[PDB]
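Written out below as structure tokens is the structure these notes cover.
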Amino acid sequence: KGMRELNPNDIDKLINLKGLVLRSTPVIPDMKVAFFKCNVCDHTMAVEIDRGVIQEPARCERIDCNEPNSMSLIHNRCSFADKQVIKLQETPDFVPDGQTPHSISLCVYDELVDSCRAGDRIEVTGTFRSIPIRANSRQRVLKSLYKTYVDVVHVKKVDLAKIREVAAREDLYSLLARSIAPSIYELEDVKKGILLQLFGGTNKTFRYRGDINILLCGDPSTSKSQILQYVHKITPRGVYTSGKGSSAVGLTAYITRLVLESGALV
Amino acid sequence: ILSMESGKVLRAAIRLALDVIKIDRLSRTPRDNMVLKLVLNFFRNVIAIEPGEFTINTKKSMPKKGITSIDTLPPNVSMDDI
DNA sequence: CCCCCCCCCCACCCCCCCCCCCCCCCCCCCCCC
DNA sequence: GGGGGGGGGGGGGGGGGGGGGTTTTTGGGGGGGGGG
Ligand SMILES: [Zn+2]
């Protein structure tokens, strides 16, 4: 169901959402067990955190000590779970055409932390939750409408025999070369060159490296653009770009706000 | 007293005691008997010193946190020294 | 190829809290049955 | 010999007082692009 379709009947149900990850926090430590130590007698006791509240012992547990207000919290001996907050934007497939996309913050825990990264389109299954937020930290006073978030419980994105058999072939060079772009009429030495570029040479320690570099020139209204598109589709981790400007993607590494951005070459 | 030159003052104390133990059970005057007893009081005292107790005043009620620590040792002492 | 331009980025009431005071409750001691 | 009553200490509650609660212009440097 749509992120835009959620309503207060959902406030404790297990829901399903689809959308785009904008960013995530670093891992946030979330206390699961407080660890208390007695100032006078150095006795220690573990207290589970209940509904986010520290159930502080008012007096020391040991009846032979039983001093009031003497227990103190030892922060770095408490036990912490992992929490992370991720901001999920409404996918443009679902938006009405005349307004901004919505977004929902989602909380994700333990080994589900870093299930996704910025730019990932995902599904999540999670309980829709809501909580109040304060008017000011020095007061208990709460605003009369709650923050909403989804508290996730599942996330999801969006052979050798044949290899050696084909490797026995005699026509393999021509077979593979024509296969990179069989929709394109014969330019076969270009196709062979680009296949050899896909394979590449080798590296060495000492630098000399396995890169192979190719250029196509000649008339503009011809198959070279389609050829670049096909090798882009074939290669595992390459990119497509053009020699100047930036449609939020540019060639060179570049300093901007302060952050270094890596360009298309990098 | 324990640390200085491995506590050679303790050897000074036993020498002050040996300098009456040399003269006989018959020979030792009341002053000599006192000197030997004084050396024993020195050894007893040096054993006996132990950290004091944090003696709180109870006129005024306890705050929302109790006493911060009972430790009474001065900053140049550690409990291993004692 | 050099210089100049021009473009970009950057700087008074209400709640929480703390202190003080008073009363009540619980324990211990002493007397009475 | 045990139970009641009286007296003293210690704790808790209530009240009172107090303090806290962003775009727009101007100037400068540096980088990039265009014209002679
Ligand atoms: Zn204690």
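Numbers run from 1 along the shown chain.
Heads up, header says this was done by electron microscopy, 3.2 Å.
For all residues, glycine too, the Cβ spot is worked out from N, Cα and C.
Feature annotation from Swiss-Prot assigns ATP binding site to A:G218, A:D219, A:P220, A:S221, A:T222, A:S223, A:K224, A:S225. Note: A:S223 (ATP binding site) has non-local neighbours A:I184, A:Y185, A:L187, i.e. same-chain residues 6+ apart with C-beta under 8 A of its own C-beta. DSSP assigns A:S223 (ATP binding site) to coil in the three-state reduction, placing it in neither a helix nor a strand.
Within 8 Å of the Cβ centroid of the ATP site, not counting the listed residues A:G218, A:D219, A:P220, A:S221, A:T222, A:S223, A:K224, A:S225, the chain contributes A:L216. Take the CB of A:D219 (ATP binding site) and look out to 10 A: across all protein chains shown you find 6 other CB atoms. Highest Cβ count within 10 Å among the binding-site residues A:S221, A:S225: A:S225. Cβ packing within 10 Å was compared across the binding-site residues A:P220, A:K224, and the lowest neighbour count falls to A:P220.
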